[PDB]
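J.: Sending over a structure as structure tokens; questions will come in a sec.
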Amino acid sequence: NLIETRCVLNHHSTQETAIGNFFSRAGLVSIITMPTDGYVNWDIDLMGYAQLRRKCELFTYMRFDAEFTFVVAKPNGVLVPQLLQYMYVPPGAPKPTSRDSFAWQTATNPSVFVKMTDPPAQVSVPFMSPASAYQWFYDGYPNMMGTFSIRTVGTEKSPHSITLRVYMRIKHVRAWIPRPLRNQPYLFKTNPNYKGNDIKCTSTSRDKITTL
Amino acid sequence: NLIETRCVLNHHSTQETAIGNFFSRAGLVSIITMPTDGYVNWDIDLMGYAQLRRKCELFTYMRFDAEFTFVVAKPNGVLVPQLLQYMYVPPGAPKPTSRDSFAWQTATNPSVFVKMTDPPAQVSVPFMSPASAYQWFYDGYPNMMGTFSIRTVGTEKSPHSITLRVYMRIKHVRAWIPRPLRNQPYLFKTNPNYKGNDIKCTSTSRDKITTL
Amino acid sequence: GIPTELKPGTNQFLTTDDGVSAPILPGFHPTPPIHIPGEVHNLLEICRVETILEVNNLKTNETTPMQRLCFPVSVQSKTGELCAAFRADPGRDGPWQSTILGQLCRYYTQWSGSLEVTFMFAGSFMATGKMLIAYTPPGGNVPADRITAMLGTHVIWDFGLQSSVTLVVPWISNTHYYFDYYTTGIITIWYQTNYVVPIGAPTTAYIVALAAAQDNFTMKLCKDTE
Amino acid sequence: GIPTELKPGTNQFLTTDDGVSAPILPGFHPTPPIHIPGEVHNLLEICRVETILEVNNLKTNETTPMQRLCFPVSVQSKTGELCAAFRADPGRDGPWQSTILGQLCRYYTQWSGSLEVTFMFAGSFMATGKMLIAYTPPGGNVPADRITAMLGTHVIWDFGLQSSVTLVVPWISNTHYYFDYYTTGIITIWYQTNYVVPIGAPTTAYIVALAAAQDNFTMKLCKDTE
Amino acid sequence: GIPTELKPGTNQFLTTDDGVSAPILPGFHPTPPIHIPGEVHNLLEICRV
Amino acid sequence: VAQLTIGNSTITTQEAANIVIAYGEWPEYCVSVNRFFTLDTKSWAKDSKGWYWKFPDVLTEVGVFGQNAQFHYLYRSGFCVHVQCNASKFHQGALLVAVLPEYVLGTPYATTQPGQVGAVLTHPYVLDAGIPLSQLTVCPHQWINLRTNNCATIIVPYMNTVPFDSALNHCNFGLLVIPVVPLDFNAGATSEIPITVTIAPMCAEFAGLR
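Chains as they are written, first to last, in full-length UniProt numbering: chain A, 627 to 662, 669 to 774, 793 to 862; chain B, 627 to 662, 669 to 774, 793 to 862; chain C, 324 to 500, 508 to 556; chain D, 324 to 500, 508 to 556; chain E, 324 to 372; chain F, 82 to 111, 127 to 203, 216 to 318.
Right, dumping it as structure tokens:
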């Protein structure tokens, strides 16, 4: 319901629509459970959610950094003094295949060791592509950034269920070549396919052209 | 499986193959358990693993420092408020032979006192050799750096099993006189002996000289 | 050992904290950038291009959605009668959902400024006529006939000479709260003269409506969409 | 009592943290260094020396591995026929595993630059002949005979005058991922003329192949090997 | 790693502590003020009527 | 009315000073390759939906540009596209001519890269990619309106993340021609109106070493 009064006359500053301010906020990108294997693998994926896929696909070539933060607790709030290990596998190194494989002790996969009772750990990741910028649209026939691996430290099964959440901020953003915004529902995470049996119009509908 | 596309044209910076960057990362060098004596002795040994033995034996004379870090927990993750003592015995001082020998209270063996609930302790060790550099290859007939000794503080047996891991970084590295890289499996940790019954060739094998 | 204190506000994770952090790879060198043309520095430079309004958004046109982009003029219609009508709402639903300005104003809360609307004739070369583009200021009422619409603000568009004309909306504003404080007008199209056409040319034509923002259009308070 | 805060990221052990620490022995003085010749400041200065390629890596030569370093030319072979063939892959398996460049590129992920290959004749002084060293650019096909290989890039090596010759590969590249994006060519050896030899000298000879990198060969993204 | 100490008086919430805090919206710009007549700078100017 | 002359191929067009430059940049560096290639003519009917051509896939089987791309590895060029229509003053309609970098389609090799003939869109409201037609004018575009003008020229520079690329796998941009306002006429006139496209490469380099 629209109403009449309270009009504004003073113009606003143009810093509110800078390209850095459009992606400045940090949001949840994944949720990783681990019930009572013992290891998980979550590769870095931006288009895991329908939100922020529609916002990055406004442009074509983007170049940025990242900043991750791992909030970790039990399935219901509480904390216990448990030691953890977050291993970051760069693009081009083999992933751990077991709870006690050789890749957990490789000297070139950097890790962090935190307890559950600490403030959450914060890691920054630089621009990793061999090209000059990422691209969400590749026309030819054949954007990986890495893979996080998380396990509980020990040679013995821990009697605790762990659920952690991953947050991600984006810094020093540059963009190129804008593009129309997608107005159709998604099907997969790789290709821009739509459902051809029905096409949802962009606008809503009204009865006649004269009834405003 | 090799493929065709995605060629690179811009040269990379030469800081990626500096001698400091080749050893810059910190990796695990030992694993020390202690079940429910009570004391352990782990002397400083670089060639404890097959990895980093093949990397230091590229050169002949090296000179560096160290930096150790002691991550300590129970066999399954959890932590209890336990007090610990890490004694560093320099080269030339007698090692502790019992849980309550006289060497635990010697004023010239420096120690650290940490609890299990703290962040891990970090110690740096200078260059200890009487010569100008270490050497992994000595031709004549007759490289010690010290010995760490770890026990639980008290006059009474503690009812906790302890497993700790030791990490080690290398700083201010200089190298001299390069050497061919070893391509045969190891047998012992002192001598460069091989198995003479079979010799593994360096390359793989193909059928004919013309079948590329 | 300098004396320090811990104020309230330690050990908290604020999600909008723009601090610095330890790099995971200190020895790494990223690829140096090259010159790629078409760099966007601000989102308002996308808000100043003319996109197609969807004025003919009837209920029967959902089956063939290509007819929604243009609305017709005809020869059988009388003179002095209404052609089409729509209000200028870049935030709310209706015709402005099909532009690029109506999609970027779903990401924000407040905006204000001026717009401009550009029309374009797409008929045969041999036909001519006249249309009246009347704009009602905000807070007023819709005109009931041609004579009251002439007294307001209006342009006289004869498509026998110019095939395109522009109209400038002076000021809009919005403070959203589900209700929004919204001060906008109404644009109506009036048949000045009838459609006159010689022998052989077709009888119906079509108008395409383009819309874009002005220089002084700003917005604030970023907000995630539905 | 200055006010300080504790951001997220305290009490964590980052393994690549290049900080400072408390020395275990503050009163100790290390031994001052002396001048030892042969100091290595960068690993690329080991990558620019010629080591022996293992071209003759057959399946029968695993018993006597000293024959793998050289491949023969003979007198019974016809003219205009193929002698040996190998591609230039310092990363992947094959002949380049036996060099020092093929062992340092197992410690890294990406590399690019130019190489150079140097051959050397080891026959008697009284014999002579000619060979053709043909290089196929990347993305092409292997030549099927001598006449198509002559149209590409090639040198003409007569070992009656010069006992050694060099060949320069213009550009290679690799981005590893188990699959790698790899753009390299193929080097083939062609019998230009047959082997001509007087009375008393032996009939078979041997070629040794040496390989080394150029000035503009760089690499990045250190990675621990298998 | 500079050496610091924690004196008594940490981790307390003093209600009259006039310190600074982290803003919840760092990118926001508030509305610039205009000239409204009748500004009160001190309460004693109401005590003199 | 002027008459251009590039190489051994001359066209006759109006010297029209209303060209568009894509993003304000001229094609610059990093014998018979600079001429005027003219594709086939597509017939605009009453129920046509649209056409598209992928670049530089359209010029891989034509002329010396077709054989240079099939031998060299690397490739880099700009372009200059000229689209014109020929209709009398009794027909009506409007076309939208816009380029689109990294055009990815949505549901074979005979559809994504059709070659020199071009292909036909099936759902032109969503461009067969899920993005709506009404916001296409954020790209470099030009309106062809049969009432007034019969010409449209776009200058397209090189847009890629790497300075050189292959010419048989990658396709940089696809050019789109969509009839927004349909064609209408009375009976007794020509039912099919032709559309003619003309390409001319600018600042083409090949360093593939063949």
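C-beta: ideal position from N, C-alpha, C; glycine also.
1) Hey, how far is the Cα of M760/A from the Cα of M795/A?
2) With 9 Å as the threshold, decide whether the Cβ of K550/C is near any Cβ in chain A.
3) If you follow the beta strand (DSSP E) that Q335/C is in, where does it begin and where does it stop?
4) In its own chain, which residues sit with a C-beta less than 8 Å from the C-beta of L366/D, not counting the 5 before and 5 after it?
5) Should the segment 534-552 of chain C be regarded as contacting the segment 372-382 of chain C, the criterion being three or more beta carbon pairs within less than 8 Å?
6) If you measure from the beta carbon of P346/E to each beta carbon in chain A, is any gap under 9 Å?
7) Go through its chain and collect everything with a Cβ distance to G238/F's Cβ below 8 Å, but skip five positions before and after it.
8) Is the CB of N384/D under 9 Å away from at least one CB in chain G?
9) So is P108/F in contact with chain B if we call contact Cβ pairs under 9 Å?
10) Quick one: give me the first and last residue of the beta strand (DSSP E) that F281/F is part of.
11) Can you tell me the Cβ-Cβ gap for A411/C and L438/C, rounded? I've got them flagged as a contact below 8 Å.
12) Closer than 8 Å is the cut-off here; do at least three beta carbon pairs connect the segment 439-450 of chain D with the segment 339-349 of chain E?
13) Can you tell me which of the three DSSP states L244/F falls into?
14) List the residues of chain B that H352/C touches, going by C-beta distances under 8 Å, in chain order.
15) In three-state terms, what does DSSP make of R469/D?
16) Suppose contacts are defined by Cβ-Cβ distances below 9 Å. Is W736/B in contact with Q754/B by that definition?
17) Interface residues of chain C around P349/E at Cβ under 7 Å?
18) Is it buried or exposed for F509/C, if we count other Cβ within 10 angstroms and need 16 for buried?
19) Below 8 Å on C-beta distance, what does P326/C contact in chain D?
20) Taking the CB atoms as reference points, tell me whether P466/C and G515/C lie closer together than 9 Å.
21) So, for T534/D: in the same chain, excluding its five sequence neighbours on each side, which residues have a beta-carbon less than 6 Å away from its beta-carbon?
22) Let me know the alpha helix (DSSP H) ranges lying completely inside the segment 444-491 of chain D, each 4 residues or longer, listed in chain order.
23) Does the separation of the CB atoms of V655/B and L690/B fall below 9 Å?
24) Just the chain D side, please: which residues come within less than 9 Å of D857/A by C-beta, in chain order?
25) Please confirm if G162/F has its CB atom under 9 Å from at least one CB of chain D.
26) Could you work out which residue in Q243/F, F133/F, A312/F, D143/F is closest to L229/F when comparing CA atoms only?
27) How is the alpha helix (DSSP H) around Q717/A delimited, first residue to last?
28) Taking the CB atoms as reference points, tell me whether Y148/F and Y199/F lie closer together than 9 Å.
29) Using 10 angstroms around the beta-carbon of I519/D, count the other beta-carbons present and answer buried if the total reaches 16, otherwise exposed.
30) Measuring CB to CB, does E328/C end up less than 9 Å from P326/D?
31) Would you say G189/F faces chain D, with C-beta separation under 9 Å as the test?
32) Residues of chain A with a CB under 8 Å from the CB of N379/D: which are they?
33) Let me see if you follow: with CB-CB separation under 9 Å, is residue 585/D close to chain C or not?
34) Compare the C-beta of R318/F against all C-beta atoms of chain D and say whether one is closer than 9 Å.
35) Under 6 Å Cβ to Cβ from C393/C, same chain only, skipping five residues before and after it: list those, please.
36) How would you list, in chain order, the residues of chain D whose beta-carbon sits under 9 Å from the beta-carbon of residue 664/B?
T.: Reading off the structure:
1) In the first sequence, residue 760/A corresponds to position 128, counting from 1. In the first sequence, residue 795/A corresponds to position 145, counting from 1. Taking the straight line joining both Cα atoms gives about 6 Å.
2) Along the third sequence, read from residue 1 onward, the residue named residue 550/C stands at position 220. For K550/C, the answer is yes, since a Cβ of chain A falls inside 9 Å of its Cβ.
3) By 1-based counting over the third sequence, the position of residue 335/C is 12. No beta strand (DSSP E) contains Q335/C, which DSSP labels as neither H nor E.
4) Against the fourth sequence, residue 366/D aligns to sequence position 43. Excluding residues within five positions, the ones whose Cβ falls inside 8 Å are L427.
5) yes
6) Here residue 346/E corresponds to residue number 23 of the fifth sequence, with the count starting at 1. Cβ-Cβ to chain A under 9 Å: no for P346/E.
7) Position 130 of the sixth sequence, counted from the first residue, corresponds to residue 238/F. Only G202 meet the Cβ criterion.
8) Annotation note: the requested chain G is absent from the structure, which comprises protein chains A, B, C, D, E and F.
9) Mapped onto the sixth sequence, residue 108/F falls at position 27. Chain B, which has no Cβ nearer than 9 Å to the Cβ of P108/F, makes this no.
10) Along the sixth sequence, read from residue 1 onward, the residue named residue 281/F stands at position 173. First-last of the beta strand (DSSP E) with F281/F: 281-292.
11) Locating residue 411/C in the third sequence gives position 88, where the first residue counts as 1. Locating residue 438/C in the third sequence gives position 115, where the first residue counts as 1. Indeed, because the Cβ distance is near 7 Å, the residues count as touching under 8 Å.
12) no
13) Looking up residue 244/F in the sixth sequence gives position 136. Looking at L244/F - three-state DSSP - the assignment turns out to be helix.
14) For the purposes of this step, residue 352/C is taken as residue 29 along the third sequence, with counting starting at 1. Within chain B, the residues near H352/C are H638, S639, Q641, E642.
15) Position 146 of the fourth sequence, counted from the first residue, corresponds to residue 469/D. Reduced to three states, the DSSP call for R469/D is helix.
16) Stepping through the second sequence from its first residue, residue 736/B is reached at position 104. Stepping through the second sequence from its first residue, residue 754/B is reached at position 122. Not closer than 9 Å, so no.
17) Counted from its first residue, the fifth sequence places residue 349/E at position 26. Per Cβ cutoff of 7 Å: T339, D341.
18) Walking along the third sequence from the start, residue 509/C turns up at place 179. The residue is exposed, with fewer than 16 neighbouring Cβ atoms inside 10 Å.
19) Residue mapping note: residue 326/C aligns to position 3 of the third sequence, counting from 1. The contacting residues are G324, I325.
20) Within the third sequence, the letter at position 143 stands for residue 466/C. Within the third sequence, the letter at position 185 stands for residue 515/C. Result no, Cβ atoms of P466/C and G515/C do not sit closer than 9 Å.
21) Along the fourth sequence, one-based indexing puts residue 534/D at 204. Closer than 6 Å at the Cβ level, and outside the excluded window around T534/D, lie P395, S397.
22) 469-473
23) The residue given as residue 655/B occupies position 29 in the second sequence. The residue given as residue 690/B occupies position 58 in the second sequence. In this structure, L690/B does not lie closer than 9 Å to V655/B by Cβ.
24) Taking the first residue of the first sequence as position 1, residue 857/A is located at position 207. Within chain D, not a single residue places a beta-carbon under 9 Å from that of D857/A; the smallest gap is close to 55 Å.
25) As a first step, residue 162/F is located in the sixth sequence; it is residue number 66 there, counting from the start. Not one chain D Cβ lies under 9 Å of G162/F.
26) What you label residue 229/F is simply residue 121 of the sixth sequence in a count that begins at 1. Checked all of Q243/F, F133/F, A312/F, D143/F; the closest Cα to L229/F is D143/F.
27) The residue you call residue 717/A lines up with position 85 of the first sequence. Run containing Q717/A: none in the alpha helix (DSSP H); it sits in the beta strand (DSSP E), 715-721.
28) Within the sixth sequence, residue 148/F is the residue found at index 52, counting from 1. Within the sixth sequence, residue 199/F is the residue found at index 103, counting from 1. Yes. Within cutoff.
29) Position 189 of the fourth sequence, counted from the start, is the residue given in the question as residue 519/D. The residue in question, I519/D, is buried, as its Cβ has 16 or more Cβ neighbours within 10 Å.
30) Your numbering for residue 328/C matches position 5 in the third sequence. Your numbering for residue 326/D matches position 3 in the fourth sequence. It is a contact, given that the beta carbons lie within the stated cut-off.
31) As a working note, residue 189/F is residue 93 in the sixth sequence. The beta carbon of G189/F does not come within 9 Å of any beta carbon belonging to chain D, so the residue lies off that interface.
32) For the purposes of this step, residue 379/D is taken as residue 56 along the fourth sequence, with counting starting at 1. In chain order: nothing, as chain A lies at least about 32 Å away.
33) Nothing in the structure corresponds to residue 585/D, since chain D is present only between 324 and 556.
34) One-based indexing of the sixth sequence puts residue 318/F at position 210. By this cut-off, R318/F is an interface position.
35) Position 70 of the third sequence, counting from 1, holds the residue named residue 393/C. Result list for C393/C: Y536, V538, in chain order.
36) Residue 664/B cannot be placed in this structure, since chain B goes from 662 to 669 without the numbers between.
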